[PDB]
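*Asks:* CSV, N, CA and C atoms, saved as structure33.csv, coming up:
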```csv
chain,number,residue,atom,x,y,z
A,2,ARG,N,-9.8,79.4,-236.8
A,2,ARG,CA,-10.8,78.5,-237.5
A,2,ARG,C,-10.2,77.7,-238.6
A,3,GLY,N,-9.0,77.2,-238.3
A,3,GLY,CA,-8.1,76.6,-239.3
A,3,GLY,C,-7.5,77.4,-240.3
A,4,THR,N,-7.4,78.7,-240.1
A,4,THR,CA,-7.0,79.6,-241.2
A,4,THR,C,-5.9,80.6,-240.6
A,5,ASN,N,-5.3,81.3,-241.5
A,5,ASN,CA,-4.2,82.2,-241.2
A,5,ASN,C,-4.7,83.5,-240.6
A,6,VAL,N,-6.0,83.7,-240.7
A,6,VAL,CA,-6.7,84.9,-240.2
A,6,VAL,C,-6.6,84.9,-238.7
A,7,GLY,N,-5.8,85.9,-238.1
A,7,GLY,CA,-5.6,85.9,-236.7
A,7,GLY,C,-4.6,84.8,-236.1
A,8,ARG,N,-3.8,84.1,-237.0
A,8,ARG,CA,-2.8,83.2,-236.5
A,8,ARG,C,-1.5,83.7,-236.2
A,9,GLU,N,-1.0,83.4,-235.0
A,9,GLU,CA,0.4,83.7,-234.6
A,9,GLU,C,1.2,82.4,-234.7
A,10,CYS,N,2.4,82.6,-235.4
A,10,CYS,CA,3.4,81.5,-235.5
A,10,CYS,C,4.7,81.9,-235.0
A,11,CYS,N,5.5,81.0,-234.5
A,11,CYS,CA,6.9,81.2,-234.1
A,11,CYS,C,7.8,80.9,-235.2
A,12,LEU,N,8.4,82.0,-235.7
A,12,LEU,CA,9.4,81.9,-236.8
A,12,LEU,C,10.7,81.3,-236.3
A,13,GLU,N,11.1,81.7,-235.1
A,13,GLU,CA,12.3,81.1,-234.5
A,13,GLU,C,12.1,81.1,-233.0
A,14,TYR,N,12.8,80.1,-232.4
A,14,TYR,CA,12.8,79.9,-230.9
A,14,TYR,C,13.7,80.8,-230.1
A,15,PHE,N,13.3,81.2,-229.0
A,15,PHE,CA,14.1,81.9,-228.0
A,15,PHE,C,15.1,80.9,-227.6
A,16,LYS,N,16.4,81.4,-227.5
A,16,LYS,CA,17.5,80.6,-227.1
A,16,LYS,C,17.9,81.2,-225.7
A,17,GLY,N,18.1,80.4,-224.8
A,17,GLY,CA,18.5,80.9,-223.4
A,17,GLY,C,17.6,80.4,-222.3
A,18,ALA,N,17.9,80.8,-221.1
A,18,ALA,CA,17.3,80.2,-219.9
A,18,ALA,C,15.9,80.8,-219.8
A,19,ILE,N,14.9,79.9,-219.6
A,19,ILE,CA,13.5,80.3,-219.4
A,19,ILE,C,13.5,81.0,-218.0
A,20,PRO,N,13.0,82.2,-217.9
A,20,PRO,CA,12.9,82.9,-216.6
A,20,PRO,C,11.8,82.4,-215.7
A,21,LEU,N,12.0,81.3,-215.0
A,21,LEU,CA,10.8,80.6,-214.4
A,21,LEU,C,9.9,81.5,-213.6
A,22,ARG,N,10.5,82.3,-212.7
A,22,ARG,CA,9.6,83.1,-211.8
A,22,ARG,C,8.8,84.2,-212.5
A,23,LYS,N,9.2,84.5,-213.7
A,23,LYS,CA,8.5,85.5,-214.5
A,23,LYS,C,7.4,84.9,-215.4
A,24,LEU,N,7.3,83.6,-215.5
A,24,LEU,CA,6.2,83.0,-216.3
A,24,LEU,C,4.8,83.2,-215.7
A,25,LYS,N,3.8,83.6,-216.6
A,25,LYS,CA,2.5,83.7,-216.1
A,25,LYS,C,1.6,82.7,-216.8
A,26,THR,N,1.7,82.5,-218.1
A,26,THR,CA,1.0,81.5,-218.8
A,26,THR,C,1.7,81.0,-220.0
A,27,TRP,N,1.0,80.1,-220.7
A,27,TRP,CA,1.6,79.5,-221.9
A,27,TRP,C,0.4,79.1,-222.9
A,28,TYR,N,0.8,79.0,-224.2
A,28,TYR,CA,-0.1,78.3,-225.1
A,28,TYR,C,0.7,77.6,-226.1
A,29,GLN,N,0.1,76.6,-226.8
A,29,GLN,CA,0.7,76.0,-227.9
A,29,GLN,C,0.2,76.5,-229.2
A,30,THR,N,1.1,76.9,-230.1
A,30,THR,CA,0.7,77.5,-231.4
A,30,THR,C,0.0,76.5,-232.3
A,31,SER,N,-0.7,77.0,-233.3
A,31,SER,CA,-1.4,76.2,-234.3
A,31,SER,C,-0.5,75.1,-234.8
A,32,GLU,N,-1.1,73.9,-235.0
A,32,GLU,CA,-0.5,72.8,-235.7
A,32,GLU,C,-0.2,73.1,-237.1
A,33,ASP,N,-0.8,74.1,-237.7
A,33,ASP,CA,-0.5,74.5,-239.0
A,33,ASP,C,0.7,75.4,-239.2
A,34,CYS,N,1.2,76.0,-238.1
A,34,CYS,CA,2.5,76.7,-238.2
A,34,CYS,C,3.6,75.8,-238.6
A,35,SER,N,4.7,76.3,-239.3
A,35,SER,CA,5.8,75.5,-239.6
A,35,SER,C,6.5,74.8,-238.4
A,36,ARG,N,6.7,75.6,-237.4
A,36,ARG,CA,7.3,75.1,-236.2
A,36,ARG,C,6.3,74.8,-235.2
A,37,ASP,N,6.4,73.6,-234.5
A,37,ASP,CA,5.7,73.3,-233.3
A,37,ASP,C,6.3,74.2,-232.2
A,38,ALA,N,5.5,74.9,-231.5
A,38,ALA,CA,5.9,75.9,-230.4
A,38,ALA,C,5.0,76.0,-229.3
A,39,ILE,N,5.6,76.3,-228.1
A,39,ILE,CA,4.9,76.7,-226.9
A,39,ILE,C,5.4,78.1,-226.8
A,40,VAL,N,4.5,79.1,-226.6
A,40,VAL,CA,4.8,80.5,-226.3
A,40,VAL,C,4.5,80.7,-224.8
A,41,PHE,N,5.5,81.1,-224.1
A,41,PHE,CA,5.3,81.6,-222.7
A,41,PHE,C,5.0,83.1,-222.7
A,42,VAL,N,4.0,83.5,-221.9
A,42,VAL,CA,3.9,84.9,-221.6
A,42,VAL,C,4.3,85.2,-220.2
A,43,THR,N,5.2,86.2,-220.1
A,43,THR,CA,5.7,86.7,-218.7
A,43,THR,C,4.7,87.6,-218.0
A,44,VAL,N,4.9,87.8,-216.7
A,44,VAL,CA,4.1,88.7,-216.0
A,44,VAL,C,4.1,90.1,-216.5
A,45,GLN,N,5.3,90.5,-217.1
A,45,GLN,CA,5.4,91.9,-217.6
A,45,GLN,C,5.0,92.0,-219.1
A,46,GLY,N,4.5,90.9,-219.7
A,46,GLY,CA,3.9,90.8,-221.0
A,46,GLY,C,4.9,90.6,-222.1
A,47,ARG,N,6.0,89.9,-221.8
A,47,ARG,CA,6.9,89.5,-222.9
A,47,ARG,C,6.5,88.1,-223.3
A,48,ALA,N,6.8,87.8,-224.6
A,48,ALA,CA,6.5,86.4,-225.2
A,48,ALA,C,7.8,85.8,-225.5
A,49,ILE,N,7.8,84.5,-225.3
A,49,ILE,CA,9.0,83.6,-225.5
A,49,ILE,C,8.6,82.4,-226.3
A,50,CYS,N,9.1,82.3,-227.5
A,50,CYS,CA,8.9,81.1,-228.4
A,50,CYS,C,9.8,80.0,-228.0
A,51,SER,N,9.2,78.8,-227.8
A,51,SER,CA,10.0,77.7,-227.2
A,51,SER,C,9.6,76.4,-227.9
A,52,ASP,N,10.6,75.5,-227.9
A,52,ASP,CA,10.5,74.2,-228.5
A,52,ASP,C,9.9,73.3,-227.6
A,53,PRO,N,8.7,72.7,-227.9
A,53,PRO,CA,8.0,71.8,-227.0
A,53,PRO,C,8.8,70.5,-226.7
A,54,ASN,N,9.9,70.2,-227.5
A,54,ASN,CA,10.6,68.9,-227.2
A,54,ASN,C,11.7,69.1,-226.2
A,55,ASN,N,11.9,70.4,-225.8
A,55,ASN,CA,13.0,70.7,-224.9
A,55,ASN,C,12.6,70.3,-223.5
A,56,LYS,N,13.5,69.6,-222.8
A,56,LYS,CA,13.3,69.3,-221.4
A,56,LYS,C,12.9,70.4,-220.4
A,57,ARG,N,13.6,71.5,-220.5
A,57,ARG,CA,13.4,72.7,-219.7
A,57,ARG,C,12.0,73.4,-220.0
A,58,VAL,N,11.7,73.4,-221.3
A,58,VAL,CA,10.4,73.9,-221.7
A,58,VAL,C,9.3,73.0,-221.1
A,59,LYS,N,9.4,71.7,-221.2
A,59,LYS,CA,8.4,70.8,-220.7
A,59,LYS,C,8.3,71.0,-219.1
A,60,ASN,N,9.4,71.2,-218.5
A,60,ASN,CA,9.4,71.5,-217.0
A,60,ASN,C,8.7,72.8,-216.7
A,61,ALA,N,8.9,73.8,-217.5
A,61,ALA,CA,8.2,75.1,-217.3
A,61,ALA,C,6.7,75.0,-217.5
A,62,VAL,N,6.2,74.2,-218.5
A,62,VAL,CA,4.8,74.0,-218.7
A,62,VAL,C,4.2,73.2,-217.5
A,63,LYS,N,4.9,72.2,-217.0
A,63,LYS,CA,4.4,71.4,-215.9
A,63,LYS,C,4.3,72.3,-214.7
A,64,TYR,N,5.2,73.2,-214.4
A,64,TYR,CA,5.2,74.2,-213.4
A,64,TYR,C,3.9,75.0,-213.5
A,65,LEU,N,3.7,75.6,-214.7
A,65,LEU,CA,2.5,76.5,-214.8
A,65,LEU,C,1.2,75.7,-214.6
A,66,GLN,N,1.2,74.5,-215.1
A,66,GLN,CA,0.0,73.7,-215.0
A,66,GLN,C,-0.3,73.3,-213.5
A,67,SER,N,0.8,73.2,-212.7
A,67,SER,CA,0.7,72.8,-211.3
A,67,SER,C,0.0,73.9,-210.4
A,68,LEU,N,0.0,75.1,-210.9
A,68,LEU,CA,-0.4,76.2,-210.0
A,68,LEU,C,-1.9,76.3,-209.8
B,8,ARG,N,10.2,87.1,-232.3
B,8,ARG,CA,10.6,85.9,-233.2
B,8,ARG,C,9.2,85.2,-233.5
B,9,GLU,N,8.2,85.9,-233.2
B,9,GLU,CA,6.8,85.5,-233.5
B,9,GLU,C,6.3,86.4,-234.5
B,10,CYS,N,5.4,85.9,-235.4
B,10,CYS,CA,4.8,86.6,-236.4
B,10,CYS,C,3.3,86.5,-236.4
B,11,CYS,N,2.6,87.6,-236.6
B,11,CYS,CA,1.2,87.6,-236.8
B,11,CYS,C,0.9,87.4,-238.3
B,12,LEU,N,0.3,86.3,-238.8
B,12,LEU,CA,0.2,86.1,-240.2
B,12,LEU,C,-0.7,87.1,-240.9
B,13,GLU,N,-1.8,87.4,-240.3
B,13,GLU,CA,-2.7,88.5,-240.6
B,13,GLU,C,-3.6,88.8,-239.4
B,14,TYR,N,-4.1,90.0,-239.3
B,14,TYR,CA,-4.9,90.3,-238.2
B,14,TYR,C,-6.2,89.6,-238.3
B,15,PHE,N,-6.8,89.3,-237.1
B,15,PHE,CA,-8.1,88.7,-237.0
B,15,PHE,C,-9.2,89.6,-237.5
B,16,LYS,N,-10.2,89.1,-238.0
B,16,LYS,CA,-11.4,89.8,-238.5
B,16,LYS,C,-12.6,89.2,-237.6
B,17,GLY,N,-13.3,90.1,-237.0
B,17,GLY,CA,-14.5,89.7,-236.3
B,17,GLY,C,-14.4,89.9,-234.8
B,18,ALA,N,-15.4,89.6,-234.1
B,18,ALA,CA,-15.6,89.9,-232.7
B,18,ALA,C,-15.0,88.7,-231.9
B,19,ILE,N,-14.5,89.0,-230.7
B,19,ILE,CA,-14.1,87.9,-229.8
B,19,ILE,C,-14.8,88.3,-228.6
B,20,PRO,N,-15.7,87.4,-228.1
B,20,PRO,CA,-16.5,87.7,-226.9
B,20,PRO,C,-15.5,87.9,-225.7
B,21,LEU,N,-15.7,88.8,-224.8
B,21,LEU,CA,-14.8,89.0,-223.6
B,21,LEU,C,-14.7,87.8,-222.8
B,22,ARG,N,-15.8,87.0,-222.7
B,22,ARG,CA,-15.8,85.8,-221.8
B,22,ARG,C,-14.8,84.8,-222.4
B,23,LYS,N,-14.4,84.9,-223.6
B,23,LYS,CA,-13.4,83.9,-224.2
B,23,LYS,C,-12.0,84.3,-224.0
B,24,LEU,N,-11.7,85.5,-223.5
B,24,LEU,CA,-10.4,86.0,-223.3
B,24,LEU,C,-9.8,85.7,-222.0
B,25,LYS,N,-8.5,85.2,-222.0
B,25,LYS,CA,-7.8,85.0,-220.8
B,25,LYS,C,-6.7,86.0,-220.5
B,26,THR,N,-5.9,86.4,-221.5
B,26,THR,CA,-4.9,87.4,-221.3
B,26,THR,C,-4.5,88.0,-222.7
B,27,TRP,N,-3.6,88.9,-222.7
B,27,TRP,CA,-3.1,89.5,-223.9
B,27,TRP,C,-1.6,89.9,-223.7
B,28,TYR,N,-1.0,90.1,-224.8
B,28,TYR,CA,0.4,90.6,-224.9
B,28,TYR,C,0.6,91.3,-226.2
B,29,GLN,N,1.6,92.1,-226.4
B,29,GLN,CA,1.9,92.8,-227.7
B,29,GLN,C,3.4,92.7,-227.9
B,30,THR,N,3.9,92.3,-229.0
B,30,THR,CA,5.3,92.2,-229.5
B,30,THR,C,5.3,93.3,-230.6
B,31,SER,N,6.5,93.8,-230.9
B,31,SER,CA,6.6,94.9,-231.9
B,31,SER,C,7.8,94.7,-232.9
B,32,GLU,N,8.5,93.5,-232.9
B,32,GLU,CA,9.6,93.3,-233.7
B,32,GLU,C,9.0,93.1,-235.1
B,33,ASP,N,9.9,93.0,-236.1
B,33,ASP,CA,9.5,92.8,-237.5
B,33,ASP,C,8.6,91.5,-237.7
B,34,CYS,N,7.6,91.6,-238.5
B,34,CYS,CA,6.6,90.5,-238.8
B,34,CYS,C,5.6,90.3,-237.7
B,35,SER,N,5.7,91.1,-236.6
B,35,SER,CA,4.7,91.0,-235.5
B,35,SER,C,3.4,91.7,-235.9
B,36,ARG,N,3.5,92.7,-236.8
B,36,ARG,CA,2.4,93.6,-237.2
B,36,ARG,C,2.0,94.5,-236.0
B,37,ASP,N,2.9,94.5,-235.0
B,37,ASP,CA,2.6,95.2,-233.7
B,37,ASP,C,1.3,94.7,-233.1
B,38,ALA,N,0.9,93.4,-233.4
B,38,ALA,CA,-0.4,93.0,-233.1
B,38,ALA,C,-0.6,92.8,-231.6
B,39,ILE,N,-1.8,93.0,-231.2
B,39,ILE,CA,-2.3,92.6,-229.9
B,39,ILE,C,-2.6,91.1,-230.0
B,40,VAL,N,-2.0,90.3,-229.1
B,40,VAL,CA,-2.2,88.9,-229.2
B,40,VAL,C,-3.1,88.5,-228.0
B,41,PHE,N,-4.3,88.0,-228.2
B,41,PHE,CA,-5.2,87.6,-227.2
B,41,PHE,C,-5.0,86.1,-227.0
B,42,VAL,N,-4.8,85.6,-225.8
B,42,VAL,CA,-4.7,84.2,-225.5
B,42,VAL,C,-6.1,83.8,-224.9
B,43,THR,N,-6.8,82.9,-225.6
B,43,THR,CA,-8.2,82.6,-225.2
B,43,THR,C,-8.2,81.5,-224.1
B,44,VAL,N,-9.4,81.4,-223.5
B,44,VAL,CA,-9.6,80.4,-222.5
B,44,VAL,C,-9.4,79.0,-223.0
B,45,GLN,N,-9.7,78.8,-224.3
B,45,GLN,CA,-9.5,77.5,-225.0
B,45,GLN,C,-8.0,77.3,-225.3
B,46,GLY,N,-7.1,78.2,-224.9
B,46,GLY,CA,-5.7,78.0,-225.2
B,46,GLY,C,-5.2,78.2,-226.6
B,47,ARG,N,-5.8,79.1,-227.4
B,47,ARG,CA,-5.4,79.5,-228.6
B,47,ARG,C,-5.0,81.0,-228.6
B,48,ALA,N,-4.3,81.5,-229.6
B,48,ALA,CA,-3.9,82.9,-229.7
B,48,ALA,C,-4.6,83.5,-230.9
B,49,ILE,N,-5.2,84.7,-230.8
B,49,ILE,CA,-5.7,85.5,-231.8
B,49,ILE,C,-5.0,86.8,-231.9
B,50,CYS,N,-4.2,86.9,-233.0
B,50,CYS,CA,-3.5,88.2,-233.2
B,50,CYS,C,-4.3,89.2,-233.9
B,51,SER,N,-4.3,90.4,-233.4
B,51,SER,CA,-5.3,91.4,-233.8
B,51,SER,C,-4.8,92.7,-234.0
B,52,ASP,N,-5.6,93.5,-234.8
B,52,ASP,CA,-5.2,94.9,-235.2
B,52,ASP,C,-5.2,95.9,-234.0
B,53,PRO,N,-4.0,96.4,-233.7
B,53,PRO,CA,-3.8,97.3,-232.5
B,53,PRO,C,-4.6,98.6,-232.6
B,54,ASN,N,-4.9,99.0,-233.8
B,54,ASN,CA,-5.7,100.2,-234.1
B,54,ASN,C,-7.2,100.1,-234.1
B,55,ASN,N,-7.7,98.9,-233.9
B,55,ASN,CA,-9.1,98.7,-233.9
B,55,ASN,C,-9.8,98.9,-232.5
B,56,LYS,N,-10.9,99.6,-232.5
B,56,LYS,CA,-11.5,100.0,-231.3
B,56,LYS,C,-12.0,98.8,-230.4
B,57,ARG,N,-12.6,97.8,-231.1
B,57,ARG,CA,-12.9,96.6,-230.3
B,57,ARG,C,-11.8,95.9,-229.7
B,58,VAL,N,-10.6,95.9,-230.4
B,58,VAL,CA,-9.4,95.3,-229.9
B,58,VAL,C,-8.9,96.1,-228.7
B,59,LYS,N,-9.0,97.4,-228.9
B,59,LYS,CA,-8.6,98.3,-227.7
B,59,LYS,C,-9.5,98.1,-226.5
B,60,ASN,N,-10.8,97.9,-226.7
B,60,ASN,CA,-11.7,97.7,-225.6
B,60,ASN,C,-11.5,96.4,-224.9
B,61,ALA,N,-11.1,95.3,-225.6
B,61,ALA,CA,-10.8,94.0,-225.0
B,61,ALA,C,-9.5,94.1,-224.2
B,62,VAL,N,-8.5,94.8,-224.6
B,62,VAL,CA,-7.3,95.0,-223.8
B,62,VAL,C,-7.7,95.8,-222.5
B,63,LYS,N,-8.5,96.8,-222.7
B,63,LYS,CA,-8.9,97.5,-221.5
B,63,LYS,C,-9.7,96.7,-220.5
B,64,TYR,N,-10.6,95.9,-221.0
B,64,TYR,CA,-11.2,94.9,-220.1
B,64,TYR,C,-10.2,94.0,-219.4
B,65,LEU,N,-9.2,93.4,-220.1
B,65,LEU,CA,-8.3,92.5,-219.5
B,65,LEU,C,-7.4,93.3,-218.4
B,66,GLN,N,-7.0,94.5,-218.7
B,66,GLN,CA,-6.2,95.3,-217.8
B,66,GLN,C,-7.0,95.6,-216.6
B,67,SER,N,-8.3,95.9,-216.7
B,67,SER,CA,-9.1,96.3,-215.5
B,67,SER,C,-9.4,95.0,-214.6
B,68,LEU,N,-9.5,93.9,-215.3
B,68,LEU,CA,-9.8,92.6,-214.6
B,68,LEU,C,-8.6,92.3,-213.7
B,69,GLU,N,-7.4,92.5,-214.2
B,69,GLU,CA,-6.1,92.3,-213.5
B,69,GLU,C,-6.0,93.0,-212.2
B,70,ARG,N,-6.5,94.3,-212.2
B,70,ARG,CA,-6.2,95.3,-211.1
B,70,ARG,C,-7.4,95.6,-210.4
B,71,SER,N,-7.9,94.7,-209.5
B,71,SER,CA,-9.0,94.9,-208.7
B,71,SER,C,-9.0,93.5,-207.9
```
Is it possible to give me this structure as structure tokens?

*Replies:*
Amino acid sequence: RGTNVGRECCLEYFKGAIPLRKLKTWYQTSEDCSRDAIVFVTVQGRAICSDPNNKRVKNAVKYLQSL
Amino acid sequence: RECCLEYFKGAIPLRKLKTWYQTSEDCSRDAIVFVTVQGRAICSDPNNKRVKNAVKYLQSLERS
């Protein structure tokens, strides 16, 4: 509701190859967080903080959206 | 490398929930993170009974 209550922010980005087959969904974190971030959630329930400006991140979002 | 700034307070209707995950590294607060149908995340108290019930709903929805 525009507040920190219940807010998740990405302190730092995951570095490394996005495991494309393991991705289940994604969301974009609050615009009020310091970092702009896309969080991927894997099928096994891992979370991956990612930079929305990155080519490979944008490709992984497009993939998920295509399904 | 994600942080829950503070746990959510209040009810989240089950129909608004899409999925969940839990991280346990420092600053996570070991929070249960609910991803809503509207595409937001609500990080929540893992010891709260309502939070537990929502995760149980989501798990049961998956496996049927």

*Asks:* For chain B, work out the contacting residues on chain A at 7 Å, counting all atoms listed in the file, and write them as a short mmCIF file (atom, residue, chain, number, x, y, z; two decimals) with N, CA and C atoms, in the frame of the given file.

*Replies:*
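Produced file out20.cif, reproduced below:
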```cif
data_model
loop_
_atom_site.label_atom_id
_atom_site.label_comp_id
_atom_site.auth_asym_id
_atom_site.auth_seq_id
_atom_site.Cartn_x
_atom_site.Cartn_y
_atom_site.Cartn_z
N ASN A 5 -5.30 81.30 -241.50
CA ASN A 5 -4.20 82.20 -241.20
C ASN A 5 -4.70 83.50 -240.60
N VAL A 6 -6.00 83.70 -240.70
CA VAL A 6 -6.70 84.90 -240.20
C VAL A 6 -6.60 84.90 -238.70
N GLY A 7 -5.80 85.90 -238.10
CA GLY A 7 -5.60 85.90 -236.70
C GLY A 7 -4.60 84.80 -236.10
N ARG A 8 -3.80 84.10 -237.00
CA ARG A 8 -2.80 83.20 -236.50
C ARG A 8 -1.50 83.70 -236.20
N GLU A 9 -1.00 83.40 -235.00
CA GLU A 9 0.40 83.70 -234.60
C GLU A 9 1.20 82.40 -234.70
N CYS A 10 2.40 82.60 -235.40
CA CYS A 10 3.40 81.50 -235.50
C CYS A 10 4.70 81.90 -235.00
N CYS A 11 5.50 81.00 -234.50
CA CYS A 11 6.90 81.20 -234.10
C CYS A 11 7.80 80.90 -235.20
N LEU A 12 8.40 82.00 -235.70
CA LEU A 12 9.40 81.90 -236.80
C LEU A 12 10.70 81.30 -236.30
N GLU A 13 11.10 81.70 -235.10
CA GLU A 13 12.30 81.10 -234.50
C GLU A 13 12.10 81.10 -233.00
N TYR A 14 12.80 80.10 -232.40
CA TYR A 14 12.80 79.90 -230.90
C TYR A 14 13.70 80.80 -230.10
N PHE A 15 13.30 81.20 -229.00
CA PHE A 15 14.10 81.90 -228.00
C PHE A 15 15.10 80.90 -227.60
N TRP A 27 1.00 80.10 -220.70
CA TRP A 27 1.60 79.50 -221.90
C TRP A 27 0.40 79.10 -222.90
N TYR A 28 0.80 79.00 -224.20
CA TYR A 28 -0.10 78.30 -225.10
C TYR A 28 0.70 77.60 -226.10
N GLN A 29 0.10 76.60 -226.80
CA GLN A 29 0.70 76.00 -227.90
C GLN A 29 0.20 76.50 -229.20
N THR A 30 1.10 76.90 -230.10
CA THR A 30 0.70 77.50 -231.40
C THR A 30 0.00 76.50 -232.30
N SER A 31 -0.70 77.00 -233.30
CA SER A 31 -1.40 76.20 -234.30
C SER A 31 -0.50 75.10 -234.80
N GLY A 46 4.50 90.90 -219.70
CA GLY A 46 3.90 90.80 -221.00
C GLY A 46 4.90 90.60 -222.10
N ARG A 47 6.00 89.90 -221.80
CA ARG A 47 6.90 89.50 -222.90
C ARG A 47 6.50 88.10 -223.30
N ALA A 48 6.80 87.80 -224.60
CA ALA A 48 6.50 86.40 -225.20
C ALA A 48 7.80 85.80 -225.50
N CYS A 50 9.10 82.30 -227.50
CA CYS A 50 8.90 81.10 -228.40
C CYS A 50 9.80 80.00 -228.00
#
```

*Asks:* Any idea what's packed within 6.5 Å of residue 53 of chain B, counting only N, CA and C atoms, ignoring anything in its chain fewer than 5 positions away? Could you give it as an MDAnalysis selection string?

*Replies:* chainID B and resid 37:39 58:59

*Asks:* Kindly give the distance, in Å, that separates atom CA of residue 25 of chain A and atom CA of residue 20 of chain B, rounded to a single decimal.

*Replies:*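 Answer for the atom CA of residue 25 of chain A to atom CA of residue 20 of chain B separation: 22.2 Å.
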
*Asks:* Between atom CA of residue 18 of chain A and atom C of residue 69 of chain B, what distance in Å does the model show, to one decimal?

*Replies:*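 These atoms are spaced 27.7 Å apart.
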
*Asks:* What gap, in Å, lies between atom CA of residue 51 of chain A and atom CA of residue 16 of chain A?

*Replies:*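 Between atom CA of residue 51 of chain A and atom CA of residue 16 of chain A the gap is 8.0 Å.
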
*Asks:* Could you pull out the alpha helix (DSSP H) residues of chain B, going by DSSP on the backbone, and write them as a PyMOL selection string?

*Replies:* chain B and resi 56-69

*Asks:* Would you mind listing what lies within 8 Å of residue 24 of chain A as a compact mmCIF listing (two decimals) with N, CA and C atoms, in the coordinates of the input, with all atoms listed in the file counted and same-chain residues fewer than 5 positions away left out?

*Replies:*
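Result written to out-v8.txt:
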```txt
# COMPACT_ATOMS: atom_id res chain seq x y z
N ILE A 19 14.90 79.90 -219.60
CA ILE A 19 13.50 80.30 -219.40
C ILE A 19 13.50 81.00 -218.00
N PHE A 41 5.50 81.10 -224.10
CA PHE A 41 5.30 81.60 -222.70
C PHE A 41 5.00 83.10 -222.70
N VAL A 42 4.00 83.50 -221.90
CA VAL A 42 3.90 84.90 -221.60
C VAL A 42 4.30 85.20 -220.20
N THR A 43 5.20 86.20 -220.10
CA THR A 43 5.70 86.70 -218.70
C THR A 43 4.70 87.60 -218.00
N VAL A 44 4.90 87.80 -216.70
CA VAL A 44 4.10 88.70 -216.00
C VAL A 44 4.10 90.10 -216.50
N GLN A 45 5.30 90.50 -217.10
CA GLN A 45 5.40 91.90 -217.60
C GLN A 45 5.00 92.00 -219.10
N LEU A 65 3.70 75.60 -214.70
CA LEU A 65 2.50 76.50 -214.80
C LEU A 65 1.20 75.70 -214.60
```

*Asks:* If we count only C-alpha atoms and set the cut-off at 12 Å, which residues sit around residue 63 of chain A, ignoring sequence neighbours fewer than 5 positions away in its own chain? Please answer as number ranges by chain.

*Replies:* A: 21, 24, 26-27, 53, 56-58, 68
